[PDB]
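> This is the structure I have questions about; it appears just below.
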Amino acid sequence: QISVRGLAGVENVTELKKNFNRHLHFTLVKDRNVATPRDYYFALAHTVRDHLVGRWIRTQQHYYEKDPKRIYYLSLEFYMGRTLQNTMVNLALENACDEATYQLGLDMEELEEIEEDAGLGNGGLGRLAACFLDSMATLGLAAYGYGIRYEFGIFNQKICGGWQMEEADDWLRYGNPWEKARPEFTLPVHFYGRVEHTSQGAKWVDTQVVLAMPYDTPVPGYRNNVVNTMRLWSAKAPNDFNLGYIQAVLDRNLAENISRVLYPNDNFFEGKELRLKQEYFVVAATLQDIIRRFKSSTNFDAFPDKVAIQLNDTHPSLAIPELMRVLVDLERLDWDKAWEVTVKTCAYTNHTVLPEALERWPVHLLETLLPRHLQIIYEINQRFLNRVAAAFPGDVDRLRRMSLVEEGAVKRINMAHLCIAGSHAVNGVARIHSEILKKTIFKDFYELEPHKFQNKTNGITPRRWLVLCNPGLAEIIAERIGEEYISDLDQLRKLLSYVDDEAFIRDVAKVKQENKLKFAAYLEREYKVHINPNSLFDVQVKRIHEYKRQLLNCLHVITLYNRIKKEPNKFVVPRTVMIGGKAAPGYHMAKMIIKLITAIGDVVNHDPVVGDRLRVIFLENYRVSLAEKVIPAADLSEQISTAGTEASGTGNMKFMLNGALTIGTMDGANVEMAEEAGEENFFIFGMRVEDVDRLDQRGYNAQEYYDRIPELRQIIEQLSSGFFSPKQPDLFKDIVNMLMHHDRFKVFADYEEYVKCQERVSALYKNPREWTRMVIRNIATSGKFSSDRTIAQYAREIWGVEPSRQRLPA
Ligand SMILES: O=C(CO)N[C@@H]1O[C@H](CO)[C@@H](O)[C@H](O)[C@H]1O
């Protein structure tokens, strides 16, 4: 059909159909008189999976033979989404499968919609891990994703009467064709017990054992025949577990609860025991696997030459004392040598500066659950603080600030501090974030060890985030510049020489309108809602948080509405305002923001005076597969976090790659995106980080803005008086109270400049040719934000390995 989707050769199409029918018959045990679309999906899934295994076995064989340095990416989250189309894309099978299924009388797109998202992540951090795996395989690194096979991923969001309802994401209900259980590689993980000191060292005894059973998922590189492994651990009770009889058997569930469910918090730390168990579980099982693989190639001096462990946030921070424990207690290395090995092996990526997001585990939890690890942490702390005391003599407050152990009513371990001490590299995820790390929260650590601190600006995989979700745009680009950019996104710069090309302008604008029509159709078909596809698609999709300032978007939306009501017969650029994302189940304010959005939509969407000039849509159940549909359809990307709060953002990059213009603050990766595209091609507004600091020193008085901005006053009056909630007039009193009195994120401070900047958006949209020329300038400069670039930087600057675009034999 289209070039980038690969060849549909007669022989391959014939063979695919053959194997499709084989799987439908032998694997699914169905005749086609009784087969459902789900059966068809599964037959296709198994057919495509067949093409992976050869490459998967040979890739892993190749690594055993060549013994390269191995990269272990430890994450509690891998937000993979669907796997079928991604696998076809990377294997160059998409056209062939499309042809094969068409000839069998099936629509492949329809079959693709049947696959459940692997929703094993909350948002940005989880999706970064997924993009990273793709890029690592594409760059031919011997890389392994290690995590937890959660039985339930991020909850499915239902909206009921404007409120978020959560339901269990039973993603494994119909099975997972992609994974391969490896019950033969089951490993014991120990919890509780106590520490016994013998003549020859400490011993961790009387432990409760939970089994860790690995499930391997293939991670195909882009058309390089490399298939890497994502290994996810499942919790299993041992067979002597609690072994009246019936109850002992039923209580096996307690052990297995460890891998039951993903904690649904984005940028918030909940100090729950089960979460700590999850964290240790993934770490303990992974490290044993790492060491097994290392021995099967006594001298641990070479360990850091053969192993890199990347800690995705502090969640797997226990890797540090666990590695120490194994090296010291089990392998009998001396402390200092073990420490050297640990430090050189481990590296830590920080993903946030929000205090409430930082992991600080109560000492009593670790005391009970992991008594040996606490001992190791204390020892690490003492030796680290001795180094600080020697470098900054007499600086007693520094010692307190830098301690891994934080004092107070409850003593806690600061896991970030642990990570910095036990890692040779610490990185932020955007240049401004990395600078904030060195200047504020980790300033002391930066002063002690400046060489540890790095930047690795985030990226997104252009495979999933252009080729897969936007084939139309991928195609028109490939027509002019060829296919090479898909694994070398910098080549998109070549599109700058087409910014005045009339045919290309027409095509860019055409691909967008097609995406918008297809999405407008998706909304009607699956959610029965009416939207004008000629309107500006103004979208903000991301987790619901106060720092992300969906509320500031809400204020603008209400402003537009009030302006329309004020002058009904005046022309305004029509907008469809789409806001989507999940609120953490216990985050009350975030749940109120969702209610507000739906409440605004209720008023706005049914006001006859408005017509189709303004629509407010809350996109339910925002997730990876929805991101793939709405992002190619967006004209305007809302990236409006208070400066200094969004470590990087990655949704921003996805929108940039797919032909949306960005309205955003100079926060996270927005700064580098503006830098790449040019500030003239970015709708930048609001306080910079420095302005927020100046405001904090002065004191933020929201009332000042309320008093001096009549349009803002009206909105607040409307909210308070019950304009948007006639039956419950005080429903939004919390939101008003928060905005007026305890707004940590200064929504009012950015309101005026935001509304003003939004007017400049509407102005540009009135001129389609110039809008599109600005779009071309964005797409053309989005190259830096490929995760291939990010991963190449990790490889060279942290892991000490060379990426490779060279193919393995097919
Ligand atoms: O999800 C978390 C929790 O620290 N942080 C998010 O990580 C993403 C990937 O690095 C970043 O893009 C987001 O800015 C950050 O909030």
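Easy rule for this one: first residue shown is 1, then count along the chain.
This entry, so its header tells us, was determined using X-ray crystallography, 2.1 Å.
Cβ from N, Cα, C; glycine included.
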> With respect to Swiss-Prot, which of the residues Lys272, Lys510, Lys654, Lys727 bears the note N6-(pyridoxal phosphate)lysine?
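Residue annotated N6-(pyridoxal phosphate)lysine in Swiss-Prot: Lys654.
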> Near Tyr192 (phosphotyrosine), which residues of its chain come within a Cβ-Cβ distance under 8 Å, counting only those 6 or more away in sequence?
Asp206, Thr207, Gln208, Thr368, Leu369, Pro371
> I'd like to verify something. Among the recorded positions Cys97, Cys131, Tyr215, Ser403, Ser720, which ones have a C-beta closer than 6 angstroms to some atom of ligand 1?
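Near ligand 1: none of them.
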> Could you check which of the modified residues (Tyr215, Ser487, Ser720) sits closest to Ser403 (phosphoserine), going Cα to Cα?
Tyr215
> Check each residue in the chain of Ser3 (phosphoserine) that is at least six apart in sequence and keep those whose C-beta is under 8 Å from its C-beta; list them in sequence order.
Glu475, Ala478, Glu479, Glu483
> Using C-alpha atoms, which one of the recorded positions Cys97, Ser720, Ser721 comes nearest to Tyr446 (phosphotyrosine)?
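Nearest listed residue in space: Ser720.
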> I need the nearest neighbour of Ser487 (phosphoserine) among the recorded positions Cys131, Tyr144, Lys654, using C-alpha distances.
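Closest candidate to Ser487 (phosphoserine), judged by Cα separation, is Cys131.
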> Quick check for the class: what is the C-alpha distance, in angstrom and rounded, between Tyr144 (site 'Can be labeled by an AMP analog') and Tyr215 (phosphotyrosine)?
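Cα-Cα distance, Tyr144 (site 'Can be labeled by an AMP analog') to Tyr215 (phosphotyrosine): 12 Å.
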> In the structure shown, with every protein chain counted, which of the recorded positions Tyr144, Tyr215, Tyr446 has the densest set of Cβ atoms within 10 angstroms of its Cβ?
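The largest 10 Å Cβ neighbour count belongs to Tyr144.
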> Since 6 residues are absent from the deposited coordinates between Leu243 and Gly244, report the CA-CA separation in Å as an integer.
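The unmodelled segment spans a Cα gap of 9 Å.
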> If we check Cα distances from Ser721 (phosphoserine), which of the recorded positions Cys97, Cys131, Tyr215, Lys654 wins as closest?
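In terms of Cα distance, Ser721 (phosphoserine) lies closest to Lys654.
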